[PDB]
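# Coordinates in review
Here's the letter readout for the chains.
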Protein chains: 4
Amino acid sequence: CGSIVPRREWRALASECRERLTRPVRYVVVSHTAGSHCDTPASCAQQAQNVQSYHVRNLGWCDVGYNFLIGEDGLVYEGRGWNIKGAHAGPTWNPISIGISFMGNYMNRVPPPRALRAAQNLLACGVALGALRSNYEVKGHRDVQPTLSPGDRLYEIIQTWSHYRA
Amino acid sequence: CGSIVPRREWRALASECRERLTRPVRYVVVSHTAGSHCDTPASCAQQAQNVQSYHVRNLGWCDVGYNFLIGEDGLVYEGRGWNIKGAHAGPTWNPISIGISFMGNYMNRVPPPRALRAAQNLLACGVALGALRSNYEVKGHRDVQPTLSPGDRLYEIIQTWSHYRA
Amino acid sequence: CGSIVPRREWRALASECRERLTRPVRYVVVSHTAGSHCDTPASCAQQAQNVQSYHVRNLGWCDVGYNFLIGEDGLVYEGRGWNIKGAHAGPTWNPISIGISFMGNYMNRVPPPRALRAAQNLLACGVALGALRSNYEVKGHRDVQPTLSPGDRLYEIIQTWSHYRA
Amino acid sequence: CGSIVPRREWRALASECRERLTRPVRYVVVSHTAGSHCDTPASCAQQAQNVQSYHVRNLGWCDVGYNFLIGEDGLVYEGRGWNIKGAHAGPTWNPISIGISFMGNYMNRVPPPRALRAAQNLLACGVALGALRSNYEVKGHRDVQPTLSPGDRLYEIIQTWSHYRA
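In its metadata, the entry names X-ray crystallography as the structure determination method and reports 3.20 Å as the resolution.

Naming follows the PDB entry, where chain A appears as Peptidoglycan recognition protein 1 of Camelus dromedarius. This entry carries the title "Crystal structure of Peptidoglycan recognition protein (PGRP-S) with Tartaric acid at 3.20 A resolution". The Sequence similarities comment attached to chain A in UniProt states, word for word, "Belongs to the N-acetylmuramoyl-L-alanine amidase 2 family."

Another point: the relation of the copies chain A and chain B. Between the two copies, chain A and chain B, the superposition gives an RMSD of 0.4 Å; the rotation angle is 180° and the shift along the axis is 0.3 Å. A rotation of that kind, with that shift, is consistent with a two-fold axis. Looking at the rotation axis and the C-alpha trace of chain A, the residue lying nearest is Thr40(A), at 2.7 Å. A shared binding surface is used by both copies, with 94% of the interface residues of chain A retained as interface residues in chain B.

Attention shifts here to the pairing of strand 5 (residues 97-102) of chain B. Residues and elements named next belong to chain B. In terms of burial, strand 5 is a largely internal element, six of the six residues being buried. Neither face of strand 5 is left uncovered, since the one carrying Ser97, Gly99 and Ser101 and the one carrying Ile98, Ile100 and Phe102 both have all their residues buried. Inspection of the sheet shows strand 2 (residues 25-32) paired to strand 5 by six bridges, in the parallel sense. Bridging across to strand 5, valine 29 finds its partner in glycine 99. Relative to strand 5, strand 3 (residues 68-70) is paired through three bridges, and the arrangement is parallel. Bridge assignment links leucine 69 to a residue of strand 5, and that residue is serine 101.

Before going further, it helps to spend a moment on the sheet that holds strand 5 (residues 132-140) of chain A. All names here are of chain A. Spatially, 3-2-4-1-5 is the arrangement adopted by the five strands of the open sheet, whose pairing is mixed. Single-partner strands in this sheet number two, and they are strand 3 (76-78) and strand 5. Going from strand to strand, the sheet's axes swing by 30° on average, the running direction of each strand aside. As paired elements, strand 1 (residues 25-32) and strand 5 share five bridges and run parallel to each other. Residue pairing for strand 5: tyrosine 27 is matched across the bridge by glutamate 137. Packed on one face of the sheet, helix 2 (residues 113-129) meets strand 1, strand 2 (68-70), strand 3, strand 4 (97-102) and strand 5 and runs near 140° to strand 5.

Moving on, we get to the pattern of salt bridges. Under the criterion given, the structure shown has 31 salt bridges over all chains. With its nearest N and O atoms 3.8 Å apart, the salt bridge here joins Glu9(A) to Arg114(B). With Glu9(A) in the segment before strand 1 and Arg114(B) in helix 2 (residues 113-129), the pair connects residues from two separate chains. Linked through salt bridges whose partners overlap, the residues forming this network are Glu137(B), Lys139(B), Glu19(C) and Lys85(C).

Take the arrangement of the chains next. Contacts are most numerous between chains A and B, taken over all four pairs of chains that touch. Looking at chain A next to chain C, you find no contact at all, with the nearest C-alpha pair sitting 24 Å apart. Here chain A and chain D are not in contact; the least distance found between their C-alpha atoms is 10 Å.

Glancing now at the interface of chain A and chain B. Across the boundary between the two partners, chain A contributes 18 residues, which contact 17 residues of chain B. For the pair chain A and chain B, the summed buried surface comes to about 1,200 Å²; carbon and sulfur atoms form 48% of the total. Together, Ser3(A), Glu9(A) and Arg117(A) form the three largest contributors to the area buried by chain A at its contact with chain B, with a combined 40%. Between chain A and chain B we count seven residue pairs in polar contact in total. In terms of residue count, the dominant contributor to the side of chain A that touches chain B is helix 2 of chain A (five residues). The residue makeup of the side of chain A that touches chain B, split by class, is eight nonpolar, five polar and five charged.

Counting along an α-helix, one turn takes 3.6 residues, and residues three or four places apart therefore face a common direction. All names here are of chain B. Look at helix 2: 24 Å from first C-alpha to last across 17 residues, which is about the 24 Å you get at 1.5 Å a residue. For helix 2, the full list of buried residues reads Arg114, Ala115, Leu116, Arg117, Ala118, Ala119, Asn121, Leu122, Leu123, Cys125 and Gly126. Two residues or fewer after helix 2 comes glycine 130, characterised by a positive phi angle close to 85°.

A cluster of nonpolar side chains, contributed by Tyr54(A), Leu59(A) and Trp61(A), occupies part of the molecular surface with about 300 Å² of accessible area. Inspection of the secondary structure puts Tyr54(A) in helix 1 (residues 41-58).

Residues and elements named next belong to chain D. Compared with the 26 Å implied by 1.5 Å per residue over 18 residues, the 25 Å span of helix 2 (residues 41-58) between its first and last C-alpha is a close match. Among all positions of helix 2, only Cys44, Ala45, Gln47, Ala48, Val51, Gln52 and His55 are buried. At its buried positions, helix 2 is contacted by helix 1 (7-10), strand 3 (68-70) and strand 4 (76-78). Phi for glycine 60, located one or two positions after helix 2, is positive at around 60°.

Residue and element names in this part refer to chain A. Within the structure shown, the criterion is met by 15 aromatic pairs over all chains. Consider the rings of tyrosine 27 and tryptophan 93, whose centres lie 5.3 Å apart with planes at 80°: the pair is edge-to-face. Of this pair, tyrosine 27 sits in strand 1 while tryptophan 93 sits in the loop between strand 3 and strand 4, and the two are 66 residues apart along the sequence. In this structure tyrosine 27 comes out as buried when scored by relative accessible area, which is 15%. With relative accessibility at 19%, the residue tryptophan 93 sits in the buried group. With a centroid separation of 4.7 Å and 55° between ring planes, the pair formed by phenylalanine 68 and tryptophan 82 is classed as tilted. Of this pair, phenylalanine 68 sits in strand 2 while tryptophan 82 sits in the loop between strand 3 and strand 4, and the two are 14 residues apart along the sequence.

Conventions we followed
- Residues numbered from 1 in each chain as written, not as in the entry; some residues may be left out.
- Chains lettered and ligands numbered in written order.
- Heavy atoms only, no water.
- UniProt positions renumbered as here; feature names shortened; annotations may be inferred.
- Least-squares fit on C-alpha atoms.
- Contact = heavy atoms within 4.5 Å.
- Buried < 20%, exposed > 50% of the residue type's maximum accessible area, 1.4 Å probe, protein only.
- Helix = DSSP H or I, 4+ residues; strand = E, 2+ residues; numbered from the N terminus.
- Pairing = 2+ DSSP bridges.
- Axes fitted to C-alpha atoms, helices over the stretch in contact; angles between N-to-C directions.
- Salt bridge = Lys/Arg side-chain N within 4 Å of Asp/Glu carboxyl O.
- Buried area = accessible area lost by both parts, 1.4 Å probe.
- Polar contact = N/O pair within 3.5 Å; in protein donor to acceptor, adjacent residues only side chain to side chain.
- Nonpolar A, V, L, I, M, F, W, Y, C, P; charged D, E, K, R; others polar.
- Expected span 1.5 Å × (residues − 1).
- Patch = residues over 30% accessible without salt bridge, like charges linked within 9 Å, V, L, I, M, F, W, Y side chains within 5 Å.
- Areas by Shrake-Rupley, 256 points an atom, 1.4 Å probe, with all protein chains shown as cover.
- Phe/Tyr/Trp six-rings, centres within 6.5 Å; stacked < 30°, edge-to-face > 60°.

In structure tokens, the structure reads:
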């Protein structure tokens, strides 16, 4: 499912993580990187590679902090995966939720449909694989931590989502 | 299911096709367009147009000839869709089969992983929807017509698929 | 040749099968159905209706698997016929054989002599048309797949035939 | 898990098969051998020799067809095992399944409780080994192939199971 871009396909550094998730998982956290945005597979690969580099080389972590990244090229970029605990929402949230992030600042712009599809397509692919539980619940980043993520424009959009719950 | 690019989004001429396919469909025929390859959501939307254009405007079909198209961008472009009859492998095979075409000439080139993932993941969405038989059979275009389609390289890769019977 | 009962006469569902045998075929493979038997054309047409139904409804196949079916009514029923490959004895033998089945279970019964005649003649006819080699070889279902088919009593018998090869 | 009579111990011929399954496997096809049955370690180790002999001497195969076998003595016998592709349910299911095979004929006859535990256990093992999926599906041989296997009484039983799915 999900037509996800493998970690090795974006030249991603070998994860060093261990902590697993209590799947089937209940919560989902939509963030934004707030970095540079990309719209081509070649440019979007370089960007998740770049997000990782900052989380691993500089911030110290075992792997890129999100479970999955969504590019404006329409493709879902693999981070920690369906099983390995996140690093996106704080210690209350990281072990009970798959975090996903859109590549770009979405304060004063919206993400293309092809990403928002790819986002939903993924979440379905979650249930399908069994990592998400059938009636998964979706939160914005600002719901669960003091933060301007996931961007003013993207925030409203995910509020009107089938599986959303405030 | 699926991250399929809908017709609106690639700017497609409205279909005048009404003839249907009896669900569930048994077969799937893999072709190439033997044309210019694209590899960005934008450039691949234009390629979808160019193909359909040649099909409606020159050959005089009700729509683009294929049911779906696969881009080297890693996206599925919607054509005649799941329920409508195609025009991609002559008249014995057209009424009993879904035709998918990779956008390119694959005689000396391979489609990248993401093309092949999107196609395969589509077929699974087909199965899941009940539009394909769960025991569907993938055929080469050159198996069911005397063509070079879907190109020597791509032909080899579809042969390795779970569901390939010649 | 042929006093074979055609498909339309026993009220067959239409074959979705399309792959073709090379003529002249070299091998014939004798199976039984291991089901109930029949001795009227009104039951032996119902029987082949039910045998096809098993294969197309439950197994989800394209058509009844056998190329023809021999009834104890004394008549041959047209399955896939001479030209379409059967799904009767696995994928080595299927494309180099005609597979005929006796509607009944011949573990604890011989097929009545009219049913034997029916089968023997079918082959005779076959050779005349060019659909079998003049020196075709007969196997039993157990000789090429692990099965009790065509039944002990019927296996005894077919071992006596001119064209048999152990 | 454990407690499986190895090939060496029932005195199998050297396997020549090379084609491997992909783990974890989804489907399990219960069959029967259809012949006479055993209820002692030495009678059953003989039984499996009789069987393999047939499949390797008479049918010219690389090895015994079934991935495993289940004597009424209470013990599992190694076949092709978890990692090698079977030859027990046609070119369709053989590459996506584990073929277990009760030794006997179970048309009017149940296997004894200890043969049913031997099998139920072998599967949990396979799950715990990551050889099978945790949501594996248990098909009858008759559910996927034209046959009476695994016998009208054993089939009745397998239908009751947690992981049965026609």
